[PDB]
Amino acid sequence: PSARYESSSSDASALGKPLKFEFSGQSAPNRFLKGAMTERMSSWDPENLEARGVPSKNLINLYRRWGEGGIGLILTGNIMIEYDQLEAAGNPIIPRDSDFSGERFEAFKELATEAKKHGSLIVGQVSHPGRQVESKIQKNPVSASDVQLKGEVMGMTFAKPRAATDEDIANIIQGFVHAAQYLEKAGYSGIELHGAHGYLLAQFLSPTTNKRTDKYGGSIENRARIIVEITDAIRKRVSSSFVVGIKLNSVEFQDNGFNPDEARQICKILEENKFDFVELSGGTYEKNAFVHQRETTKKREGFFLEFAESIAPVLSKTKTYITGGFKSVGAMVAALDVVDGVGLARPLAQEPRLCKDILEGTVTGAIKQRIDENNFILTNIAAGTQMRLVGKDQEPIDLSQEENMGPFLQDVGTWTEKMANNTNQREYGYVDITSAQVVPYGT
């Protein structure tokens, strides 16, 4: 049997309560959110723009299986809005000039149909990468300003961005608006704006990347203006029942004059613009059991506490989720003293049915995988690899088993080899498991 994180309590009943969003009027049927995870399982062509971004049959199957997992609110991984503005090869893409019909549309529709078949909400996360698109994909990226993303530790470089012109901003807004309309037409419950992880919206929010002197730079209200203009323009086009959320990360507001006056203005912006929910990330609520050195995470985690405790208690109409580090029922229930719901990402790649199993009382903690939780690169590769398995309708590999760690690491090595020799850029996605001992999904 799998080793699992221990829990201080076995009462999960609070997590099963529906959550009513005040603006859309829709309810998530429980307090669980499946955090967005870039799947890299949409079509890719390094030499042809339009051939990219169509959700594959395997991607649809991944959301079919998550749709059976008892999850209140399922987020997609980030969806792009232009063919050459990609977080990664294999991203899904809703191009600004695409029709609400045809092969691409029916693929997006099928993903939503499978995700919501058993009553989950399915919310499409939409993002523009801004300065954080690789030069091999975009030679002329756009940002709030011209601050180049320098020296990435991974084998990926980024070109110096240009400051967005007024027309650039109009095209970005309309790409988000078109994506919202498209998701609505394709049957999605809503849209989540990706305001985190240094992508375009975070580039406007962060003073390190936003040096603008016009109405989009300076004060927190000005730095958030492009977000407000997006939601204003979305509301002119989609039904008021369409859910609208945003993911925010403490890192964007860190070491940069955050205070109660700022936290209050952020909450004012969220509620006056009718966000159904904000998903707060940047640290962990549940602490890991002294597994590894914490020098390199201390300043991020301390600010996340200040960030989340300055935002969540102020909001009332807008609902709050915290995503990051949740493993066990005891910690998830404790977090409901501060926020409305809990987001899980990596645990739901390793265990797509964990929420169902928690609510039925079969487990009280996620599988305790044999990978250090602070080894971000490796835990991310593991989660992407599990999504790829479920896409193939195979069961996730139990990484709590010492037996499975060896072959997994061997395949990670082989995959890094393939991506290093990817001169032609045709390869994409996460690790392909070599093991013949994979089993059909559901054992």
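In this text, residue numbers run from 1 along the sequence as written.
- Query: In the PDB record, does 297-305 or 274-282 carry the higher mean Cα temperature factor?
  - Reply: Higher mean C-alpha B-factor in the PDB entry: 297-305.
- Is the mean CA B factor in the deposited entry higher across 152-160 or across 170-178? So the stretch with the higher mean C-alpha B-factor is 152-160.
- Top residue by Cα temperature factor, when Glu87, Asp372, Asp340, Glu114 are compared in the entry: Answer for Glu87, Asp372, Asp340, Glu114: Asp372, with the highest C-alpha B-factor.
- Peak C-alpha temperature factor (PDB record), options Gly325, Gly124, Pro92, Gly361: Among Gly325, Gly124, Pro92, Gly361, the PDB entry lists the largest C-alpha B-factor for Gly361.
- Using the B-factors in the PDB entry, rank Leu73's C-alpha atom against the chain and give the third, lowest, middle or highest. Its C-alpha B-factor belongs to the lowest third of this chain's values.
- Query: Thinking about Cα B factors across the chain, which third does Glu262 belong to?
  - Reply: Top third by C-alpha B-factor.
- Query: Taking the C-alpha B-factors as the PDB entry records them, is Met387 in the lowest, middle or highest third of its chain?
  - Reply: For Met387, whose C-alpha B-factor we compare with every modelled residue in the chain, the answer is the lowest third.
- Message: Where does the C-alpha B-factor of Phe408 rank in its chain, lowest, middle or highest third?
- Response: Middle third.
- Among modelled residues of the same chain, the CA temperature factor third for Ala144: Its C-alpha B-factor, which the entry lists for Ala144, ranks in the middle third among residues of this chain.
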